[PDB]
Amino acid sequence: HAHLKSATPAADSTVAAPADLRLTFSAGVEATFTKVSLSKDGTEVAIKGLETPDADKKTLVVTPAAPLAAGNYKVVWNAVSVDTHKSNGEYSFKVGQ
Ligand SMILES: [Cl-]
Ligand SMILES: [Cl-]
Ligand SMILES: [Cl-]
Ligand SMILES: [Cl-]
Ligand SMILES: [Cu+2]
């Protein structure tokens, strides 16, 4: 199983326009089988790419199609670990005006 240890932007934090989201897990995850939904006050936000840059596959980089505008964001994640096991969660953050 892959449990979410931390994320940037951090849950319930307020940040200036981040370039991407970075979700760090307790075991490797598979970008090809993992799903991530991003929404801004109900509005689905386009994601252009998912990728695990590192050998250990523990960090998932989620790249929006467009730079994030100010607002309230929710992340819904369904992770698939290298052992094929499924985990899921959600969290929110804010992009400061
Ligand atoms: Cl992270
Ligand atoms: Cl995040
Ligand atoms: Cl999305
Ligand atoms: Cl998992
Ligand atoms: Cu498992």
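The first residue in the sequence is number 1, and the count goes up from there. First listed ligand is number 1; within each ligand, the first listed atom is number 1.
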Begin with the C-alpha distance, continue with both residues' side-chain angles, and end with the deciding distance and a verdict on side-chain hydrogen bond (donor to acceptor under 3.5 Å, both in side chains) for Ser81 and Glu30. CA-CA 6 Å; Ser81 51; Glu30 297 291 357; over 6 Å; no
Closer than 2.8 Å to the Cu ion (ligand 5), which protein N, O or S atoms? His1 N, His1 ND1, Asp83 OD2, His85 ND1
Note, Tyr91 side chain near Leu4 side chain (heavy atom, < 4.5 Å): yes
Identify, with sequence neighbours excluded, every residue that meets salt bridge (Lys or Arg N to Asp or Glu O under 4.0 Å) alongside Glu51. none
Kindly indicate whether the side chain of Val29, heavy atoms from C-beta on, has any atom under 4.5 Å from the side chain of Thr52. yes
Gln97 atom CD: more than 12 heavy-atom contacts under 6.0 Å: no
Residue from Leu38, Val75, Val36 passing side chain to side chain contact (heavy atoms under 4.5 Å, CB included) with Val62: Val36
